[PDB]
Amino acid sequence: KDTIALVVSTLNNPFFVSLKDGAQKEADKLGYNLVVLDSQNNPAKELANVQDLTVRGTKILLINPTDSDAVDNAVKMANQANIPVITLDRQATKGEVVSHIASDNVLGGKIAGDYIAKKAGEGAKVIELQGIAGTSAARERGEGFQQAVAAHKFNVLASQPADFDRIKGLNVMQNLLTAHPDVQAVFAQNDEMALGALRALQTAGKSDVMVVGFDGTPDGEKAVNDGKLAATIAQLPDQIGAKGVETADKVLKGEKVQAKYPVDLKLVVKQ
Ligand SMILES: O[C@@H]1[C@H](O)[C@H](O)CO[C@H]1O
């Protein structure tokens, strides 16, 4: 059994657990051995993970960068060891990558901003909780969101990173609420931060604020159905992991693949 390795940015996020299960289920199906390594949002740890795999008989490296610019060293190391690299969910700015599989994050941010304008109205006062700064996902969602801003003349009271983390998303929202109690809507770049923000508005008695997340995880989807979360942009993590293993199979077979494989997004609301 050829071994395929999956280096995921973190496992302390439901989105990445689903991504891992999708890859795992497809690996079982195609008869591969899947090794899963966790970088814990640490580029130094990612590098150590990749260096350890290049001598384990790893045939293909599926990688979710902790940082789109910093991952280039790990990619170049996989290149040196003649191990083809496929990026999942986030890009590698440089380094030789056979294929990239991800959602259209620029579209995702605009759609998020457009839904806010539809509910909170044009010229609405918003706060944006951003993801991990150096990743392509956060960067692109912000750009897409900046398009809805200009178009809907939104007044952005504040925009700040909460690192795709639920607890950080809670503390950052907590701190911003004290300074900006007039907030009407919040765009949270993932469901974890969106759920943290919700808890902050809860602790503050500020139930009037409209929160839009991203991912459509089990928790994110439930909060929308319970009426707490206004909407989330559903991604298909399991299919990104599966498509990644599927593509790793073709490369090993000698079949050429596309340099990019998009995955569908879907606005999620109650009913
Ligand atoms: O797309 C992924 C998911 O949104 C995850 O929740 C955080 O990292 C992003 O890159």
Side-chain angles (χ1 to χ4, degrees), residues 6-23 38-43 45-46 62-71 86-93 97 100-113 128-145 160-170 172 186-198 211-224 229 231-244 260-268:
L6 173 67
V7 177
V8 72
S9 65
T10 185
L11 285 178
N12 191 176
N13 185 339
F15 177 88
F16 286 117
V17 173
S18 304
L19 193 151
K20 174 194 74 68
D21 294 346
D38 183 7
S39 296
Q40 308 194 292
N41 287 320
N42 190 332
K45 184 96 79 299
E46 171 173 82
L62 300 180
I63 191 167
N64 170 239
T66 60
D67 192 298
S68 292
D69 304 300
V71 70
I86 298 170
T87 55
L88 306 181
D89 178 67
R90 301 172 185 165
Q91 305 171 218
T93 313
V97 161
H100 176 54
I101 302 172
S103 302
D104 188 355
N105 291 302
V106 176
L107 173 73
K110 170 174 143 53
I111 280 184
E128 186 189 30
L129 299 187
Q130 308 171 322
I132 300 174
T135 65
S136 58
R139 195 200 104 243
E140 290 173 351
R141 281 161 206 177
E143 288 184 15
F145 187 70
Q160 181 183 153
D163 304 351
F164 291 139
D165 183 88
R166 185 184 297 212
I167 304 302
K168 289 177 184 173
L170 160 54
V172 171
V186 172
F187 177 44
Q189 289 185 0
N190 77 343
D191 285 348
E192 282 301 280
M193 291 188 298
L195 291 175
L198 277 178
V211 187
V212 179
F214 204 115
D215 287 359
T217 61
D219 282 324
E221 200 167 274
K222 171 178 180 50
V224 177
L229 203 57
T232 187
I233 310 308
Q235 284 192 95
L236 299 168
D238 66 300
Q239 290 228 59
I240 301 176
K243 194 66 178 182
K260 229 287 189 177
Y261 286 111
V263 198
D264 291 324
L265 286 171
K266 189 177 85 294
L267 176 66
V268 172

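Counting starts at 1 for both ligands and their atoms, in listed order. Numbering of residues begins at 1 and proceeds along the displayed sequence.
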Checklist entry - Under a 4.0 Å N-O cut-off, is there an ion pair linking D219 with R166? => result yes
Checklist entry - Would you say the side chain of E192 lies within less than 4.5 Å of the side chain of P14, judging by non-hydrogen atoms? => result yes
Next on the checklist: For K110, is the NZ atom crowded, meaning more than 12 foreign heavy atoms sit under 6.0 Å from it?
Outcome noted: no
Checklist entry - Should the heavy atoms of other residues, nucleotides or ligands under 6.0 Å from CG of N12 be counted, would the total exceed 12? => result no
Next on the checklist: Can you confirm whether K243 sits close enough to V263 that some side-chain heavy atom of one is under 4.5 Å from a side-chain heavy atom of the other?
Outcome noted: no
Item to check | Set of residues satisfying ring-ring contact (aromatic ring centres under 6.0 Å, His included) with respect to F145, sequence neighbours excluded | outcome: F187
Checklist outcome for this item: Residues with a heavy atom under 4.0 Å from ligand 1, by chain and number, are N13, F15, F16, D89, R90, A137, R141, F164, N190, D215, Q235
